[PDB]
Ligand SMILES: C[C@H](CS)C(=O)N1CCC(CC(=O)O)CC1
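Next comes just one chain, in structure tokens: the form solved without the named molecule.
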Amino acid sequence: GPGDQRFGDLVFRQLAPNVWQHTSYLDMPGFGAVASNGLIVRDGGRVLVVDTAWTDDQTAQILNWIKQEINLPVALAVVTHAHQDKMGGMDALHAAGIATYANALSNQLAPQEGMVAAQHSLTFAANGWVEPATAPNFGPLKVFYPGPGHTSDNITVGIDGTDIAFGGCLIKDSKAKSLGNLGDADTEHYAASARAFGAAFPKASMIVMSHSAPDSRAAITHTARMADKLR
């Protein structure tokens, strides 16, 4: 290979010829730098972004890395729930003219979570799939609401043309010792929601998540099995 690229305070790992993971870091007192991962997808003369970094300035650095390494307009960004690690850098997307999308419920939750809402709301059909009219130009991003889990609003994304699915903070890796921050969790539905994400992207073999390296479908099984203990 070539290694994972460092650009300002971020790290970018290429996962497929048109997909990269972005990683940004925040110090949390007690246990050092906490990585948060999102995605970057090159499609049909544009770039799509999934999740912000923790901060505006870090998010502005993602845009700069895109401009330097890819050099295609960012058509849109989708954010996967209203917490700092996924939505902390909304202001930087908006300053850069980028159309932003989140679950309607994430936009309703954003103020109480201290987040800036996306500019557009996604709504989801009864079977969990995004309503296409509310997700124009998403191209290969297939967006699915699996039910409440890590938060009430958490949504997940598959990348058509690849073996990649992104569970965001709903899914922990296959050796995680707990389900992490449950302050906003739905402990009743968590397990079913994790299993629904797995059934929605049944062919995905690389599962990207918010706080560690990409794992296999074992991350989904282990997560659901941990969530079973909560209900």
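Each residue number is its position in the shown sequence, starting from 1. Residues that one form lacks are left out of the comparison. So that the term is clear: the rigid core is the largest set of C-alpha atoms that superpose within 1.5 Å between two forms.
According to the PDB record, 23 to 31 carries the higher mean C-alpha B-factor of the two stretches 64 to 72 and 23 to 31. Taking only CA atoms, the mean B-factor in the PDB entry is higher for 177 to 185 than for the other of 177 to 185 and 40 to 48. When the Cα B-factors of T100, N127, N107, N137 are read from the PDB record, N127 comes out highest.
Among the modelled residues of the chain, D160 sits in the highest third by CA temperature factor in this PDB entry. For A191, the recorded CA B-factor ranks within the highest third of the chain. Only modelled residues enter the ranking.
One more form of this protein exists, namely the form deposited with the named molecule bound; it is left out here, but the text below deals with it.
Partner proximity in the deposited bound form, defined as non-hydrogen atoms within 4.5 angstroms of the named molecule, places exactly one of 66 to 74, 31 to 39, 158 to 166, 191 to 199 at the interface: 31 to 39.
Proximity of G180 to the named molecule in the deposited bound form: non-hydrogen atoms within 4.5 Å are present. Of the heavy atoms in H211, some are within 4.5 Å of the named molecule in the deposited bound form. For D85, a non-hydrogen atom is located within 4.5 Å of the named molecule in the deposited bound form, even though that partner is not displayed. Residues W54, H81 are the members of 46 to 81 with a non-hydrogen atom no more than 4.5 angstroms from the named molecule in the deposited bound form.
The two forms, fitted on the rigid core, differ between the shown form and the other one by 2 Å or more at the CA of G30. After superposition on the rigid core, only one stretch of three or more consecutive residues whose Cα atoms move by at least 2 Å between the shown form and the other one is found, at 29 to 32.
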